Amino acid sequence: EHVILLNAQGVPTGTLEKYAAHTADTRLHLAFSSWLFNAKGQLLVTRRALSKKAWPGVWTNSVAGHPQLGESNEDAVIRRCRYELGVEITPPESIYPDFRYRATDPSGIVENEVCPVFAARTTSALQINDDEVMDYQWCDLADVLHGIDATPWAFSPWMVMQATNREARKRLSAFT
């Protein structure tokens, strides 16, 4: 498992093993983020396990990860959905293609990522991997957005940025 190093524009230039890649000095690399809703249209919010190297125990959007060499983003989303949440989904759709971001977690670990965002529908029940997810909630995107809007700090900075982007937010609410 690797992350794909990106140059100034997003051209891959190499790889690092995923664990060695996330440090206090994390270099720019490829990523994705996805927002999952159920058939009923509830938003799935997850809490990252205490063993995640970056933002452990943080409430965030449904699923995020790092596409591997030669892997489509949509495939990356599907893979991590199965891996973290043991869940099957509809074909992921673009919600925030240009999302890119850098931040530092309370322990000083950095994530530095070009991160296209997607939305999709689960088509199966969840089967949680507790090495990745320590908790989750099915809720209403409206309340979730109220929450991000009221107390952003209660949530991952990445989740907050995606939901604060006008386009992404409008797309998530129409997805719903």
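Throughout, we count residues from 1 along the sequence that is shown.
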ask   = Looking at the deposited entry, does 152-160 or 5-13 carry the larger mean Cα B-factor?
value = 5-13
inquiry  = So if I compare the CA B-factors in the entry for 36, 64, 133, 69, which one is the largest?
reply    = 69
remark   = The third of the chain into which the C-alpha temperature factor of residue 91 falls is the highest
task = Please place residue 140 in the lowest, middle or highest third of its chain by C-alpha B factor as given in the entry.
result = highest
note = Quick tally, chain-level thirds of C-alpha B-factors: residue 168 sits in the highest
note = Temperature factor at the Cα of residue 116, chain-ranked in thirds, falls in the highest
task = Among all modelled residues of this chain, ranked by Cα B factor, put residue 78 in the bottom, middle or top third, i.e. lowest, middle or highest.
result = highest
